[PDB]
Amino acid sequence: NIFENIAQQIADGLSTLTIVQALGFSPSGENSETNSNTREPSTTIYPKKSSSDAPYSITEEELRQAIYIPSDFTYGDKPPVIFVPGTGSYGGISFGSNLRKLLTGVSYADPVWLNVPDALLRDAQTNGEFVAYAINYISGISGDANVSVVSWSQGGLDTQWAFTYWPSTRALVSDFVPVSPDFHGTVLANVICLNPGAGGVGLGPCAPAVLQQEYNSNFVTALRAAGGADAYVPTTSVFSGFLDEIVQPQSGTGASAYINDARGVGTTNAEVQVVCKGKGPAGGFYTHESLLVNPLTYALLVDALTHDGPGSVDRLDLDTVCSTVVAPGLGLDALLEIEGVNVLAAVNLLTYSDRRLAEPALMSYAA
């Protein structure tokens, strides 16, 4: 029986590989990207909720289908929480072994998650459309409750892009909790794609979302010049300065994950090695992916969800939070699962058929 659950886990993990999907399989289980969601929202959200919003380029059918609503969802009784995966991954598997498992069956959260086609590798401007639609749609079918957003890696960058160009979504998000975000992209993408940045032809073929996540990319530059480098809602950014093998730089105020707060809406910038320094293993070495099981990450998420404003380092009992390797309620097996999540993602990055020399054109709205 325990065998059947491992077989089904592996099958669900492999269905997220685009090479396997090319054989005609679809993402399965919690990574299903063809969900049937038949409730309508209280208000027109398509093609625009606000006449200030950027247009959608993707059909509402596809936008809505990437949202995975568990049967246990309470449509507003609890506060909804939308989970957003990172590059090469799906919302189901990015968080099922970590944060979303911990947020299943509690009173202050009600999880749903995004399964974007092609493992979040496609143009990030369209990944951003998925987050914008999800915020408006989930709220609009949940009694117009506020939602929260938790993201991993490019997910946070996608959320800032939805906030920047879909203003209507700012009004409905109590908390944005990005884990290992790259709000300034990453120079490791410039290196791997042998690419000058600024959308220039580079010698390394790379997925569109990878090219747009270069440190100086047109996507990142446009987003930051439009306001994407400052928080729009209370933002609890959690990142590791030792060592993020995907996102660099990633330490101090210069970290790609650092969100400024010029609008004064409230921000926490938590480098775990800083916050937990001298106080336990949770201040030790954490990867881009292993951060998702760090107790500081979980503690700051719950704090943010149970209090006005962002998660508060100073309100936490750092002596207790920092004292363990993994969040309470996970085992060291979560450390293993999250390593496999990263491997699957890596495979996707290396083997995705849509490799390009140049970064997607900015849509007319971003320019």
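Residues carry their position along the shown sequence, with the first being 1.
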Mean C-alpha temperature factor, higher of 227-235 and 197-205: 197-205
Per the PDB entry, maximal CA B factor within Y90, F183, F176, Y75: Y75
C322 CA temperature factor, ranked by third within the chain: highest
Cα B factor band for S51 (lowest, middle or highest third within the chain): middle
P310 - which third its CA temperature factor falls in, relative to the rest of the chain: lowest
Third of the chain, ranked by Cα B-factor, where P111 sits: middle
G96 - which third its CA temperature factor falls in, relative to the rest of the chain: lowest
